[PDB]
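Q: sequence unavailable; structure follows:
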Ligand SMILES: [Mg+2]
Ligand SMILES: [Zn+2]
Ligand SMILES: [Zn+2]
């Protein structure tokens, strides 16, 4: 058959024995002082007691057995457990117990009235005074009160923890009561709960089988996992296991009990013992109380009791769910260097081999090499320098096929890609540049694993999606990625930058003079004039739209023109001004696609330079071209992409860092200004804190000036020459990193939160005054802490993300839903209490490729309702916008689309990455959270604000909201700067302490009451004072705000395909049928349950907002989940109710070794295809 | 990237659905007897490596390139997943 | 500072003596044994 | 914990440990990545008696090192940096003295300067001054006493260590922690004679005693002295280090001289702490074989075996002895009998001076043992060929995955012996030694002293390279970008001043926050040019088309001044920038005043042949039922989480699942695989998990169940239960 819905839950003690089947009880001799194995009691091989001479009867056939002594054809030698399960029976019959009954008050606590001591009896010390028989001191009832001796005042009724096992087959039929009976306790308010949770309690059981068989009478531990034995080398051996010595605790007790009672052990003793079992049971289970250290007394380690390990987090569960292991894996160092780039990959002859060893043999079969594979490995032995023709074969395992390539760490699916292969020499693996960026991890000699998918249905299920030349061009987040990052730029950048060395501005009369003459001295590639031209003359260099302007390249070919933008007159489509220092550009990028014709348009030549407009060109080539070229092209800026930077170079010299000879002047100045500034406070005017802000605010500003300077001396005096320049404009290098270099850089601040008197005595071409390279250090190291915190805190934020979002897939395409959501277009800037126009990016990555809402009339061209707004179009509105016919463009994203079944097609703007709207199937769920796959490092735990909200945590202070709206109300007073609101109906007291003192004379629904101008308070009250209205937003833009001050090339889709979650949940409100007046049920189900059922009664829900983590936990299933804080707790209310746990849930499948319903596995694609006409014309006559 | 890859992704309903088809008409293809693909003359890719040549044993690429001959369809056709072996005799 | 561990019945701590490494250097590295140096103390 | 098995790598590193210093350990200040507070905490401070460039980034701050002038007399309680008081007197009342301020070694002249604005300090701030007034002692303590006092030691040893970002240095004041006895050593053209110590006080090399006069045999030992009579002298013989270093001690002398040194050190030269090999170098790119941040070596860097070393791995192999099977070491290895053995090994142990390669038996052995008795068809073979049967499972040593090498010797041990402190219940503890004349293939890390981790690109075979107009090619490159423009530094002054070495012929001493400056190099770059240009101008030429032409742009570029014939101009270029240069590729010139200058190259520990683990099925572990097993192999490779995600990010179903399927823990699936392909074509089996099968029971442990429920409720599947 084939797996499906995964059931679980209880298995009443009656069941224990079922699996238990038999085997157990007795003692657990962990071996003999002699022949190590067996013991005839514990991990004893089922029916193996030295020479049982039996048991082999149960087995039908297969092979012989029964060898009298020693051992027969049993499992002990082979098939011993076979890693399979083997249940033990436990002899357990003693009093009671408790399978932990968790830490949420279930399987007891609730189902009575009990807790805070529901264990005052269960853990023998009180009594659940069951038994009806006229009490005395004030009636009896049926619940704990036998404070010992009292249950001796009568001298049923028992302290014994068997009472839970008592009212068991008892308050079971009364379950048809609790169902009835209880809930009937309606209204009054407050107390409205309990019974609520109580409902499920009963409601989990009932027509959902099971029993309160939570009382225990037969723990059931296996044996396999332990019988591990002697480990040598280096410096120690001897060998043993845990869970067993942990197990023992039990049986011994449960054994000593019986024989220590039968011999009449009156009262006191009895309980004090028995209970041992109880405690002894909280063993194999969860060590959560006082502990049970080994080495007893032993003040040490924790017994691996399913806590911190096995089931826990990061021990077994968090380990074997994803922390698995390939088997053809491996690793290696890191290289780079022109090859064929893309689809190509380093990989070292030998190193490789093995990965392919299998087939290797195979090909060697029929085709020479060797005969039977038998040998094969027999030839791969002790590095018998194979080489000979073999190598000439491995490339038949290689050839065409491909492999992967990962990185440590990984915060981007880019993180793998995978390249086809080839092979140079020596160890260490090479890789093509760009990809480098897709790892933002320099070449500090790092390594990278190179797994290798083997299954044919995995390869195609790779390269054509994995090939580094596919999901690396324009990537998720927004912009592109497979661009020539550093270096390559300079290599070309150089081949551009006009050059105007300025020599003069004489004059001419059309070449006779000046032109001719001047070529003796004075003037050159300057301004000049003959009637309307400068000095782009002398060399005509012409041609036609053929295959060579000829001259140009051929002109410089000799000791003539300077390839670097010297300026001659070109000829291609028509009289070109440009120099070969740019025409070449085209040609190459031209030769890529064909007929420079196209290049022309696309490219920008009237401002070459190149830097941040390269992303573009490629990025634009895309839309208009399509991968199969992007490669060739993006893969040309490779060859030449280097040679230029090569046959040109551009070193660096202590010198090169040019001190701005217009410096020592600026400096001097300020100080002076300071001089008095100080010889001012020093007199009698302005408190210290005053001049403080001053002295700083003097260089705080003097700086920028010094900054300004250098960034020009360069761009006039020594344009490109100062290589320390074109490395910051755009190519590889920051700006406030040069002024640091040459300038001065000296604002420098203290440790905690104040700024230093003096600044840095730069002239970094000269030393520093100790204190300098000191206070500098002060600030310097703090960077360090921020970087390691982010990388180490990422452990809390990315995992939760990845989680809360998960099932988000997209089968089908056309759930045509209503309520559109217009993307904001103009934001109130609180610097300008008017309206700016947004950086024109948030828009971009906030509308870049989307699925329009309702018509787009404006500027003459009409954009039909429901259309994928191409980048080309955002402009069409972006630039357009101005006019004023659109201030809120419409479209639909995840802020609506009632289908938690996935996310459906065309609802996720375009599809970011591949030029096209969401392909079908795509498990955006991934990319989703994997969107925040370039944040971490880049941020600041060190306050962290990217979650204060993300988890709906009522922030720090928040500066509380404005409940509703209406009447101003500005009541002045003593020390309570409390301003309020009202309007003939009602309101309250809004106290704004000795903090914000900003008024207002109007109303406003919830604005902010004006204290926290930034980030509304806890939406936990906004949704309340509004609804998902403005609670599926705020954050949405309130978030980005933590990215809009740290680059970030994402928005739109991604971060908005997460929210949906956080609120989806609901808190039922007075319905009928599916019960749970309180409840918390899932979204979409409610719909269905307020649909199919609609055809009756009501189900009236109520939007509800949680957090994120809380969101991740308790979900549509039970399978996934766990992986968090309350490991047990979820498994608790997991069993009970049959809980079948649907299926569609990837993380699910994965674990359960089932295909992941998505990508190329989900419902949408089971498709077929094979058919070769006469084959399809085979069943076309055979059917 | 992939030879003609651009003529793929679109000429379908969506990425995966493509890749999918591919790796089927592969085993099914070559793995079900090398001589099976639609290609006829030399349009059948080769591997002119060292001194000698031969059809790339990497089947996987035939299909890619096989999806360039009008032949072959893809979709809920012929429900007898078994009968895909109905040819498993006509091609032996 | 270590009271003469109580229970007559009273122990006493008087003077030490050390050095005399039972395994001179190198030897130890040829094998193992820390270059430990035992002591004693009259009681 | 703290014990940090000494990192005796180089002679230095080690020392640092004897210092380092941490608030970590058992005292309460403890774990990784915070408790309650740790981020806002151990930040910087108010203690100059410590460098601020040594931690790292992880358990940062909580680890560093004390400094030179610091902790004398009363170190027993709270650090105490030395202080100067104008003349022959000294004080250091802890790093607590924050009363009366102090000066910071700047400007002077026989006890008193003239700054008139004493660059002094109060507590933390840095007020202008207030020349206390009287040369009559400092303002109760004022004078850096010397510059370096501010940093540890693992610091005051880098060139213009007053010209780079702090974090550049940092990512340097720890690289030095990881060197390598290139045997050749060199002691940097640039440096601080502190190396006068470094070695000595760490006792790398050796020393002396009063009288003098050698004699010696050299070979292994060394002569004596005269004073307190004769006195032989051991040494090293490569010896084992706690990681590989393998420290030797070649020496110096010949007859009689007593100052006062004696025999070299591991990484050493005449008392001058040498660590790396300062070959030439030169900024600029080349076929980007230096992208992001990489280096380019020249095969000649192998010719003269400049870069190479050695590492000793002790191989511990035992044979306890149960009661079923007794493990021993007869050179009469079973089943597999071949010349491959008897010739080299023989009688168990293998003679010294034997070359070894992967899988090569190291100490063949036996072991009785009968775990899996007689096979079926196998019998059809045990005779078919007639090799009868065996009785002692091969059990051998066989060199790990890979380690072709030599043998500095062996070593045997045994029970009941007086000196044998073996683990009870055992006998024998074979312990053979092997070292490996390293090298430098393609991958190892180079890095300098100012922060520039290498990563060999593609070493060149002479022909190519930058051919100096006078043949000399550039042994080393190091294209800018990465950390130069980025994460800034100075070093470079370690290039220019450098060339004033292969040429000028002198080496130099460059202190910190003092001396060695931008004009210095000039006055030095001086005689240098006249010199070099000299030769050629009196040897054969002076100014050539190429060598000249460039100079062209040199001007248009915004550099050379349009002056005298190509001489003058060609000069300048020197000074700072570097002379012409061409290219062993095309042969043209390198249009641009390139830069060049012997500097410093380290080649840290992170090699490659040591940091690599490739394989296939190899492992296959039990209990875990997941890779990690082999009395030969021993690799791994995690895919754990993330790695996953990113994969499902696309539709690698059959590939994603593939991991957790066959290539992970499908057991049968495992074999189904190898067999599958081994055999031939076939989409290896679908799948069947396992680790899960585990969890199930693992779960069922407690009162649970796992109806592997089927399709439409009632089918109900509980698959796994036998098959
Ligand atoms: Mg690193
Ligand atoms: Zn038997
Ligand atoms: Zn939709």
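A: Noted; the coordinates are in hand. Numbers count the residues shown, from 1 in each chain, chains lettered A, B, ... in the order given. Ligands and ions are numbered 1, 2, ... in the order given.

Q: ranges for the helices of chain B?
A: Per DSSP state H, chain B carries helices over the ranges B:6-9, B:15-22, B:24-27, B:60-66.

Q: need those in a markdown table (columns: distance to residue A:800 and mean neighbour count).
A: Heads up, the C-betas are built off the backbone N, CA and C, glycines and all. Below are these laid out as a markdown table (distance: least, C-beta to C-beta, whole Å; neighbours: other C-beta atoms under 10 Å in any protein chain shown):
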| stretch | distance to residue A:800 | mean neighbour count |
| --- | --- | --- |
| helix B:6-9 | 34 | 18 |
| helix B:15-22 | 28 | 26 |
| helix B:24-27 | 38 | 23 |
| helix B:60-66 | 39 | 23 |
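
Q: select, out of those, the one closest to residue A:400.
A: Ranking those by proximity to residue A:400 (C-beta to C-beta) places helix B:60-66 first, at 5.3 Å.

Q: before we move on, back to that, can you lay out the helices of chain B as a markdown table showing distance to residue A:1106?
A: Formatted as a markdown table, these follow (distance: least, C-beta to C-beta, whole Å):
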| stretch | distance to residue A:1106 |
| --- | --- |
| helix B:6-9 | 39 |
| helix B:15-22 | 33 |
| helix B:24-27 | 44 |
| helix B:60-66 | 47 |
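
Q: can you say which of those is nearest to chain C?
A: helix B:60-66 (57.5 Å; C-beta to the nearest C-beta).

Q: from the chain's centre, how far out does the closest one sit?
A: 4 Å (C-alpha atoms, centre = their mean, to the nearest Å).

Q: likewise stretch D:347-364?
A: Worked out by C-alpha atoms, centre = their mean, stretch D:347-364 lies 29 Å from the chain centre.

Q: span of that stretch from start to end?
A: Distance between the two ends of stretch D:347-364: 9 Å, counting by C-alpha to C-alpha, to the nearest Å.

Q: distance of the residue of the stretch 201-350 of chain A found nearest chain C from residue A:297?
A: Nearest to chain C in the stretch 201-350 of chain A, going by C-beta to the nearest C-beta, is residue A:235, at a distance of 8.1 Å. Distance of residue A:235 to residue A:297, computed by C-beta to C-beta, to the nearest Å: 28 Å.

Q: do the same with residue D:610
A: Noted for residue D:610: a distance of 44 Å to residue A:297, by C-beta to C-beta.

Q: those two - which one has more neighbours?
A: residue D:610 (15 against 6; other C-beta atoms under 10 Å in any protein chain shown).

Q: let me see the contact set for the more buried one.
A: D:244, D:311 (C-beta atoms under 8 Å, 6 or more residues apart in numbering or on different chains).

Q: list the contacts for the residue of the stretch 201-350 of chain A closest to chain C?
A: Going by C-beta under 8 Å, 6+ apart, residue A:235 touches residue D:316.

Q: count of neighbours near the closest residue to residue A:373 other than its chain neighbours?
A: Of all residues not flanking residue A:373 in the chain, residue A:361 sits nearest, at 4.4 Å (C-beta to C-beta, 6 or more residues apart in numbering or on different chains). Residue A:361 has 25 neighbours, counted by other C-beta under 10 Å.

Q: where along the stretch 351-500 of chain A do the strands fall?
A: Ranges of strands in the stretch 351-500 of chain A, per DSSP state E, counting those that start in this stretch: none exist.
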